[PDB]
Amino acid sequence: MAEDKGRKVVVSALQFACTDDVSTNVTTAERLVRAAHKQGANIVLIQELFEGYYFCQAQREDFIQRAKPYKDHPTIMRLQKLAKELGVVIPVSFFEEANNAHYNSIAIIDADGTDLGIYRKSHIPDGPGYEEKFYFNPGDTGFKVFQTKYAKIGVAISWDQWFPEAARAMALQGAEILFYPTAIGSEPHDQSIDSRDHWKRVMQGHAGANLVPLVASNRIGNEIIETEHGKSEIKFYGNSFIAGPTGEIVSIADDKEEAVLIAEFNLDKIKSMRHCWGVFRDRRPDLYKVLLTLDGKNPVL
Amino acid sequence: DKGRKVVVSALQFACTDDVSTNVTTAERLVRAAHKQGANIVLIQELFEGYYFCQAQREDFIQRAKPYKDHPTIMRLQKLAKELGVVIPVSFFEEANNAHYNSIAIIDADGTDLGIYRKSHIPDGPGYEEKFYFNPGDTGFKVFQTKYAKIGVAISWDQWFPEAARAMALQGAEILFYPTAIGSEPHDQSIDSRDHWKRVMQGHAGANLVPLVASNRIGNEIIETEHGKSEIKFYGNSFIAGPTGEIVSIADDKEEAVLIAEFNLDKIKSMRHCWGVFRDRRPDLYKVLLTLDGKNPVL
Amino acid sequence: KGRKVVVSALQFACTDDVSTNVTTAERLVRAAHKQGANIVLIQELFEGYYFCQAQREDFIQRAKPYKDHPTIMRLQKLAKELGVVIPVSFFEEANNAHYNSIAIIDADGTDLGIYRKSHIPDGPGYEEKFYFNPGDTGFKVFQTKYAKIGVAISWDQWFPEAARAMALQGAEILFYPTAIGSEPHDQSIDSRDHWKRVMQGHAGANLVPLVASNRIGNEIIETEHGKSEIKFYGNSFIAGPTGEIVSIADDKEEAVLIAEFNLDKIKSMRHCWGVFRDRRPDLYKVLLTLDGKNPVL
Amino acid sequence: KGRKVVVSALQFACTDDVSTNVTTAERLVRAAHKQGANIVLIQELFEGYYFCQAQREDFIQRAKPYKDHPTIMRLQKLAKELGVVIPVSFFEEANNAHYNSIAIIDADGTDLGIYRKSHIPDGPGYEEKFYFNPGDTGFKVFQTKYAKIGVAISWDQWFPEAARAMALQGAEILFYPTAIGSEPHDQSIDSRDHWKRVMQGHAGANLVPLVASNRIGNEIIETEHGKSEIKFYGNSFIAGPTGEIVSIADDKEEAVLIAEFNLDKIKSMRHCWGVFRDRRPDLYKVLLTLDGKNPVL
Amino acid sequence: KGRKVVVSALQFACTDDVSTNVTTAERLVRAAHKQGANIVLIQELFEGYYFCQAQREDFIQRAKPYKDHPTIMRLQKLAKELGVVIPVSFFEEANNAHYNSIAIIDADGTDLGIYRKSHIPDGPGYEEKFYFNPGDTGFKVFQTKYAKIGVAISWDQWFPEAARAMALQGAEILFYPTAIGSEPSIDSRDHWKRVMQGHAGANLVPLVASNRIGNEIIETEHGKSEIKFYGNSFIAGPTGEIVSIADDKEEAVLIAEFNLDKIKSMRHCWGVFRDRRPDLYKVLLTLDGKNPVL
Amino acid sequence: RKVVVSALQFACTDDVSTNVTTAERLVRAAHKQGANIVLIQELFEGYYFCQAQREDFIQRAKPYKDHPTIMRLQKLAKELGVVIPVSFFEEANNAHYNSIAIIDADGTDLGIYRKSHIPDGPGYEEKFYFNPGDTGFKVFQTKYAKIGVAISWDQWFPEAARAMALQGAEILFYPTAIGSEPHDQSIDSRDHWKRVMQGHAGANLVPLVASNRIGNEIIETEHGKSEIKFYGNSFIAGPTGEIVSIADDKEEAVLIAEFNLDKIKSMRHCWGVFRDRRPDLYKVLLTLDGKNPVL
């Protein structure tokens, strides 16, 4: 009796705490990637801006200079080594310097060690605790998919995950799995804001509407940043998870543990399911021009 | 709790294949909803009869009727005006040689505010809608009622984030989806109800607007061109709030009246402060105007 | 005297094995070339059975990318070896979209592009809407070594708008690869005469010849509700520029049909007759509605 | 000899009451009119305190739609009465988008349309990116009774690209209503000389006059993390077409600045100077990057 | 703390004898170095009188090729001897085309490449196109031992786009060798400085300008033309503030130290480059404000 | 801005290459007489073929794209530095037009205008050949000036001149081929033709240029020989309508008038008639029958 045929891929969401020291956090990442591969993982997802604290609680001049070029990046070069050694795909999130522009970016490292390129975060959040608009130009790559040894994947970043347009754009270009490294928690100006359920439901919705699985890796722990106006704290709420192509959660972490989440998907069965459900056959792009507005009337240039 | 408040309702009932029975059933539940305080009441898809799209039959097409002087619409305008409630009326539209799965929005004073024509048309065993309906040519609309600016789409439209975003971008404060979905006659292992909820809950959370879904219940057996075909409609009518939470839900067999109050001033303030509309990137969305990921449609 | 072009319609039966059917196509293309053909037309979805009687998940996966398609690549070699133009019908996968498509191969083997079927039929026996996104190429014409040609697919042939669109853009000949027969739900529907008249109208109205290649044979497909059967009724034909039939096959024979046209003299006939001079696009806005009143977005 | 135009920059301190502040605008506009002004410029967001020191939910709901805006409508009445052109800065709600916008009223009261602020500043004291979508009108010029003018907003004034965009589309005069002062996290920043120089640069590069109107006063805002204070530094000015300052206000008093320009003489001095006939747009592609290599989508 | 760099603007009067002028350039480069200069700017076309003033067929001879240029080669030796970066303005012959050009020499004497003057006035009061084709290099930056630098030439000075183009590409200091004066009505010295302070301010990069001084009489098609070049060479900082300036009549050696790391951090925090909108800048690739050029 | 303009008036054979030799040699004399903008008569590539309605004549038409004649008149436009409008019979897929291409002084081809008003009747069976044009009226900005180019029968319609002058036209231009009628030798149209055009100039305050064919022409039709005598009277009119240079009905002519156009924009702008117009009252000009707007 034969196994069910089709390409299988094992994916992983990792969840951990960071210090504001880069060598410590990269060592933490190698360790969890290694544990993930030991559980059979093929593609492994590390959370947003893992090289340090989530520094965007402050709006500081000196924190802008934590950016580094994409070219010859020490963290990327090191994880390229790991990727080739274990035979796994590793997206690497980093703060990019590009002449006078800066971006929250992610380089996709393939399972032979090859850097396949970058995605630059398109949607940039703002407000207390999450002052990203001060640091990052809005991304200019557009939504991208990457052909890896195991799959065509879509990778976007954190706040991108709240936007249906991004998931769909990746899916229309052939993405077979979506990946969202993330940094999200409490909000220092209002301790009654607890966004964790809202956060999951919106992404489950992307998974179900595009009929693709979806991986989110989010940070844990409390971090305190010195700001222009005193110290500010966020408690990162974990809840890393993996969802299947109906938006079912197949694996989930809690709000405090370090975790290695693992799941297997038959990409050929899911392809077949995605097409028979028919949503991509029935879409109406002739009726979607209003999505190219911000205000419901006026197309942007 | 200061601000403009509005009470919405999802209804859920079984249909026969006789229009008079079904409209009497609708009148009964609209009155029950109003009794419980409702301002806007949502009746399910194609509620005038059995869900006839299980078959592909010449005679079934001639069930359509013109938007103009439609008797079912005209009768609920009288009810809308009597109770001062907004009532969207789903009907099978004939428009010269075109046909549409449509919906007419009656305001609380009985005024017909216009129509929306279903945009996304499903197909497959049990749900052969592409055989009857021209794909919709109104575009996604919003309507200004006495109580709120609302966005109404139809059934299968509910699977498409593009449709919810289009209504929200145009100022819709609450979304409405009358529906008819159940089992599928070619495969008894398909159970879409959780998948169906999750995708709608995602629209509500991504646009931060409340969302109302009225779905049919009961078994319906149609005589098709190839023999009997049966669907069991699974109910699960629900109301979701602006973060995607279910605040009110029905099971898969009970007749129901569901009721929720929403404060639109607070929800507006919340939707804006969360920031997604401030942060969208239409400059990077051109690929949504493709089907194949490469070629923009004409 | 003037530019002459010999066209051909092919009519044959299919199994559901690709290699068999392509072998068949190749055999008939060669036979037409031996009789002088420059442009040879193979029927719709000739790679296998007309599977659209069913609405099946597994049949959707018969589709294949346009890129490096093994059937198009095979027939490019044949085009080249023969110096003929060969429109190649295939079921296209393009990411999550799917189309009933056709690639136009020039007489030097060059893939000149594609047209994605625009009008998608539906109903018992012909459940095409389940399988194909409505085409997004628009109507096209293709400059080949012999002629500017307009190629659309099957059900497109019932629409005068398609023919007109092609002719306005310079098509000098129209081609319609086709799959059409009886209807499994009503044995009394016989569409063959109706089908011809409508196509003859297009030919007469635009003053351009027209070529239609249709399938033959009984096909029995297993569907969600049991067996379903179509007898395909052949009647592949070539019409001239006043819509007269110059060549026609019966409803069961395998056939190779040949006809020669003087394209310069037809052009001059088409201009002289006046219609493209007298068209009133100022008064045709209603054709951009479905319902006779509301223009589509 | 030629078309003369008298333009004015206004400068004043704002209170927390809308209708008080619009009356303040009315009084200074009347005073500019009396001294002969044809086009009068009011500072940015003059309806109230500069609220952008804070990032607050409730402050967002201070926005109002462009349609039937009561401050725009009141100012239309005044433009018509006095025969002056008045651009009106306001916080726009447009369904779920919000912008920092300006409506250009013509000397007969006619509302010519709006520009939405393109470049949105950020940082302590000036958290504008929390409130405004980046503008989607693009740079505009408006044809008024007296002159084609280019109006942009505040932070837009640091970008040579905006001033050039407007001059290329025919602006004869540039206007920049502004709100700028000290910064709450660093009392060592005094940007007023820098801010002047950058604008004087635009005037001189395009050979067009330029008007800037800036707020004065200390404003304390209750933020999400406590009181934050800006001292607005005035220095409203008018510059000539070589970038010379012809009129300038101090850092704490109300002012009405007046300057006359001969627009036909300046136009002629611009054509002669030839910079526009000598530009190299074939070499300017890199301006469509952020990072000096990748063109934006 | 940070990379500190000393830059210099030189100003002198030219004779119309080449050896004399190159000897003058060398004397003043050495003097800049003696005061600590790391990068030294010589004014445009310094090997002689400013001749674009005449429409003389004979002055076309003065152009020499980029390859093996006697003046460039001599200045290469001096760059390598003193450890200083020297951009060298010259009149380039290249194959039936001619350009107003400049070649960047690094502190080790390496020839890092060439920029060609992009904007060429077809004015009613010059036929400069007579000598120079419009440049085909586009705007460049060169990585030197001390800094990334952008260099442009004479009329380029007027064009905000050229300064922005160099800045987008990492230029940390801009250099503008020029030559400007007028007949013995108005004088453009303030207009010039204001436009240039403008570019430094908008890009938050320091900016060095070297302009000649002196009267010069050339015989021409009509007869005599005379120009009094007005000097005012200057160095400006990253907010456009003038930190050193020359007068209209004497030789000068201007010196200023910049901390390029502090300036980088200031430039990025001010935020102009984070906030640019290239999606709304297309009209800049038109001449007439409506039609794109090729 | 002192622009010089010319009307030309010459004989045609039915031979493309020779006729192009005559335009060549009269354009050259225009330019030697100081001409900036030089006009060439309608369908000058051969005889006025529209006396017959024959199928083979429709096939005289040519694509706009890489047109033999356009391309040669472009080399010459470039070399002399003169602006030259070029009449030709246009093929466009199955459509056909009576069309004109405006060539600037650097040889630059600036775009086409397509004859809007199509004559009909004996000798002038133009409705048989030409689709009514779909370009609209057009003003081409050239190096020398904003110019208004329409074709032949267009000269009869005040709306066409008025439309061109609302769009910035400083000069109007009309290449033409009119003369005797073959059905009725009593009909003399030369004074009537001159006068209608003079009434436009006056009404818009813009100079006007009408170039026209001379010489006799027999065409073999579907019904026998057919003869027009083309009467010239190629003329330049000023902005009051006064004719300033006028050719005869018989001989080859090179006309010239200098105009101070910045001075004529002042005469016009100051006369007040454009701002005096009442477009709220002109809806009736969008009907054919005097009450039903056309769709």
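Residues numbered from 1 in each chain as written, not as in the entry; some residues may be left out. Chains lettered and ligands numbered in written order. Part of a larger assembly, values for the part shown. Heavy atoms only, no water.

X-ray crystallography is the method the PDB entry lists for this structure, together with a resolution of 2.39 Å.

The PDB entry lists chain B under the name N-carbamoylputrescine amidohydrolase, with Medicago truncatula given as the organism. Taken verbatim from the UniProt record of chain B, the Pathway (unreviewed entry) comment is "Amine and polyamine biosynthesis; putrescine biosynthesis via agmatine pathway; putrescine from N-carbamoylputrescine (amidase route): step 1/1." The Sequence similarities (unreviewed entry) field of the UniProt record for chain B holds the comment "Belongs to the carbon-nitrogen hydrolase superfamily." (UniProt positions renumbered as here; feature names shortened; annotations may be inferred.)

The name recorded for chain A in the PDB entry is N-carbamoylputrescine amidohydrolase, from Medicago truncatula.

**Q** Mind laying out the overall build of chain A, listing which residues take part and the relevant values?
**A** Counting its regular elements, chain A contains 7 helices and 14 strands. Here the C-alpha atoms of chain A give a radius of gyration of 19 Å, agreeing with the 19 Å that 2.2 N^0.38 yields for 301 residues. Principal axes of the C-alpha set define a box for chain A whose edges measure 60 × 50 × 40 Å. Residues classed as buried in chain A amount to 67% of the 301 residues present. When the accessible surface of chain A is split by element, carbon and sulfur atoms take 51% of a total near 9,500 Å². Between the mean site of the 35 positive side-chain charges and the mean site of the 41 negative ones, chain A shows a separation of 7 Å. (Helix = DSSP H or I, 4+ residues; strand = E, 2+ residues; numbered from the N terminus. Rg over C-alpha atoms; globule rule 2.2 N^0.38 Å. Buried < 20%, exposed > 50% of the residue type's maximum accessible area, 1.4 Å probe, protein only. Areas by Shrake-Rupley, 256 points an atom, 1.4 Å probe, with all protein chains shown as cover. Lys, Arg positive; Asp, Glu negative; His and termini not counted. Charge placed at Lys NZ, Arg CZ, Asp CG, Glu CD.)

**Q** Residues and numbers for the interface of chain B and chain D, please.
**A** Each partner contributes to the interface: chain B provides 16 residues, whereas chain D provides 14 residues. Between chain B and chain D lies a buried interface of about 1,200 Å² when both sides are counted; carbon and sulfur atoms form 45% of it. Across the pair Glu93(D) and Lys268(B) runs a salt bridge whose closest N-O atoms are separated by 2.7 Å. Linking chain B with chain D are 11 residue pairs in polar contact. The element that contributes the greatest number of residues to the side of chain B that touches chain D is helix α6 (residues 264-274) of chain B, accounting for 6 residues. Across the side of chain B that touches chain D, the residue classes tally to 6 nonpolar, 4 polar and 6 charged. (Contact = heavy atoms within 4.5 Å. Buried area = accessible area lost by both parts, 1.4 Å probe. Salt bridge = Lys/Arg side-chain N within 4 Å of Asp/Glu carboxyl O. Polar contact = N/O pair within 3.5 Å; in protein donor to acceptor, adjacent residues only side chain to side chain. Nonpolar A, V, L, I, M, F, W, Y, C, P; charged D, E, K, R; others polar.)

**Q** Hey, could you go over the pattern of salt bridges for me, with residue numbers and the actual values?
**A** Applying the stated rule across the entire model yields 134 salt bridges over all chains. In this structure, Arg193(B) engages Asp191(B) in a salt bridge whose closest nitrogen and oxygen atoms are separated by 2.8 Å. The partner of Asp66(F) in a salt bridge is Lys65(F), and the shortest N-O contact between them spans 3.6 Å. Each member of the pair, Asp66(F) as well as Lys65(F), carries the same accessibility label: exposed. Bridged by salt links that share partners, the residues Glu96(A), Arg120(A), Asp140(A) and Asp291(D) form one connected network.

**Q** I'd like to hear about a nonpolar patch on the surface, residue by residue, with values.
**A** Nonpolar side chains collect at one region of the surface, where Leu283(C), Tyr284(C), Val286(C), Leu287(C) and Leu295(F) lie side by side and expose about 510 Å² of accessible area between them. Looking at the secondary structure, you find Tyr284(C) in the segment after α7 (275-278). (Patch = residues over 30% accessible without salt bridge, like charges linked within 9 Å, V, L, I, M, F, W, Y side chains within 5 Å.)

**Q** Describe in detail the side chain of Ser154(D), supporting the description with residues and values.
**A** Residue and element names in this part refer to chain D. Mapped onto the elements, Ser 154 comes out in the loop between β7 (148-151) and α4 (160-168). Take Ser 154: its relative accessible area is 5%, and that puts it in the buried class. Look past the residues within four positions of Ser 154 in its chain and what remains in contact with it is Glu 44, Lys 117, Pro 177, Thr 178 and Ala 179.

**Q** How would you sum up the packing of aromatic side chains? Please name residues and give values.
**A** Given two aromatic rings, their pairing is described by the distance between the two centres and the angle made by the two planes. Enumeration over the complete set of coordinates arrives at 101 aromatic pairs over all chains. When the ring of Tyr50(D) is compared with that of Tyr126(D), the centres are 5.5 Å apart and the planes differ by 50 degrees; the resulting orientation is tilted. Of this pair, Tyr50(D) sits in the loop between β2 (39-41) and α2 (57-60) while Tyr126(D) sits in the loop between β5 (111-116) and β6 (141-143), and the two are 76 residues apart along the sequence. Under the relative-accessibility criterion, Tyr50(D) is labelled buried at 1%. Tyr126(D) sits in the buried class, given a relative accessible area of 10%. Across the ring face of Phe130(D), the terminal group of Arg278(B) is positioned such that the distance to the ring centre comes to 5.5 Å. (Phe/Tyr/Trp six-rings, centres within 6.5 Å; stacked < 30°, edge-to-face > 60°. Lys NZ or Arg CZ within 6 Å of the ring centre and 35° of its normal.)

**Q** Give a description of the environment of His33(D) that names residues and reports values.
**A** Residue and element names in this part refer to chain D. When you line up the elements, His 33 lands in helix α1 (residues 18-34). Separated by 193 residues in the primary sequence, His 33 and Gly 226 have C-alpha atoms spaced 42 Å apart. Ignoring anything within four residues of it in the chain, the contact list for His 33 reads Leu 82 and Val 84.

**Q** Give a detailed account of the sheet that holds strand β8 (residues 173-178) of chain D, specifying residues and quantitative values.
**A** Backbone hydrogen bonds are what pair the strands of a sheet, in a parallel or an antiparallel way. Residue and element names in this part refer to chain D. In spatial order, the strands read β6-β7-β8-β9-β12-β13; together these 6 strands make up an open sheet with mixed pairing. The open sheet is flanked by β6 and β13 (245-248), the only strands paired with a single partner. Here the strands of the sheet are splayed against their neighbours by 20 degrees on average, with no regard to which way each runs. Contacts from helix α5 (residues 192-206) reach β8, β9 (210-214), β12 (237-239) and β13, with the element oriented near 155 degrees to β9. (Pairing = 2+ DSSP bridges. Axes fitted to C-alpha atoms, helices over the stretch in contact; angles between N-to-C directions.)

**Q** Just give me the short version of the sheet that holds strand β3 (residues 64-65) of chain E, but keep the residues and values in it.
**A** Residues and elements named next belong to chain E. Strand order in the open sheet formed by 4 strands is β3-β4-β5-β6, with mixed pairing between adjacent strands. Sheet topology places β3 and β6 (111-116) at the edges, where each strand pairs with a single neighbour. Bridge count between strand β4 (residues 86-94) and strand β5 (residues 97-105): 9 bridges; the pairing is antiparallel. Paired with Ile 86 across the two strands is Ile 105, which belongs to β5. This element, helix α2 (residues 70-82), spans β3, β4, β5 and β6 of the sheet and lies at about 160 degrees to β4.

**Q** Tell me about the pairing of strand β10 (residues 211-214) of chain B, residues and numbers included.
**A** In summary, the side chains of a regular strand alternate between the two faces of the sheet. Residue and element names in this part refer to chain B. Neither face of β10 is open: one carries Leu 211 and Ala 213, the other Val 212 and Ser 214, and all of them are buried. Bridge count between strand β9 (residues 174-178) and β10: 4 bridges; the pairing is parallel. If you follow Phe 176 over to β10, its bridge partner there is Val 212. A crossover links β9 with its parallel partner β10, the connecting element being helix α5 (residues 193-207), and its sense is right-handed. Bridge analysis of β10 against strand β13 (residues 238-240) gives 3 bridges, and the strand direction is antiparallel. Each bridged residue has a counterpart across the sheet, and for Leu 211 the counterpart in β13 is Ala 240. (Right-handed = clockwise from strand over helix to strand, strands pointing away.)

**Q** Pulling in residues and values, what's your account of the interface of chain B and chain A?
**A** The interface of chain B with chain A comprises 54 residues on the first partner and 55 residues on the second. Taken over both partners, the interface formed by chain B and chain A buries close to 4,800 Å², and the fraction arising from carbon and sulfur atoms is 64%. Counting the surface chain B buries against chain A, the share from its top three residues, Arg198(B), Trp274(B) and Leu288(B), is 14%. Counting every contact that joins chain B to chain A gives 6 salt bridges. For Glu165(A), the salt bridge goes to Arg165(B), with nearest N and O atoms at 2.7 Å. Summed over the shared surface of chain B and chain A, the result is 23 residue pairs in polar contact. Secondary structure elements with two or more residues in the side of chain B that touches chain A: α4 (161-169), α5 and α7 (276-279) of chain B. Tallying contributions element by element places α5(B) first for the side of chain B that touches chain A, with 7 residues.

**Q** Report on the UniProt feature "domain: CN hydrolase" (unreviewed entry) in chain A, specifying residues and quantitative values.
**A** Per the UniProt record, "domain: CN hydrolase" (unreviewed entry) is found at residues 9-267 of chain A. As annotated, residues 9-267 of chain A comprises 23% helix and 31% strand, and the C-alpha atoms at either end are separated by 7 Å.

**Q** Could you give me a rundown of empty space enclosed by the protein, with the residues and numbers involved?
**A** When its volume is computed, the largest cavity comes out at roughly 560 Å³. Surrounding the largest cavity, 38 residues form its lining, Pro138(A), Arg281(B), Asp283(B), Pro134(D) and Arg277(E) being those nearest its centre. (1 Å grid on protein atoms, 1.4 Å probe; cavity = no way out; pocket = protein on both sides within 12 Å on 5 of 7 lines; lining within 4 Å. Points joined across faces, edges and corners; volume = space filled by probe spheres on them.)

**Q** So what's going on with the packing of helix α1 (residues 22-38) of chain A against helix α3 (residues 74-86) of chain A? Residues and values would help.
**A** How two helices pack is summed up by the angle between their axes together with the distance between the axes. Residues and elements named next belong to chain A. Close contact between α1 and α3 brings their axes to 11 Å; oriented N to C, the two are set at 15 degrees. By the angle between their directions, the pair α1 and α3 is classed as roughly parallel. Here α1 and α3 pass one another in a crossing that is right-handed. Where α1 abuts α3, its residues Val 22, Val 26, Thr 27, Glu 30, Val 33, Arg 34 and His 37 lie against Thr 75, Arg 78, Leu 82, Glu 85 and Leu 86. Of the residues that constitute the contact of α1 with α3, the class distribution is 5 nonpolar, 3 polar and 4 charged. (Parallel < 35°, antiparallel > 145°, perpendicular 65-115°, else oblique. Left-handed = near helix turned anticlockwise from the far one by under 90°.)

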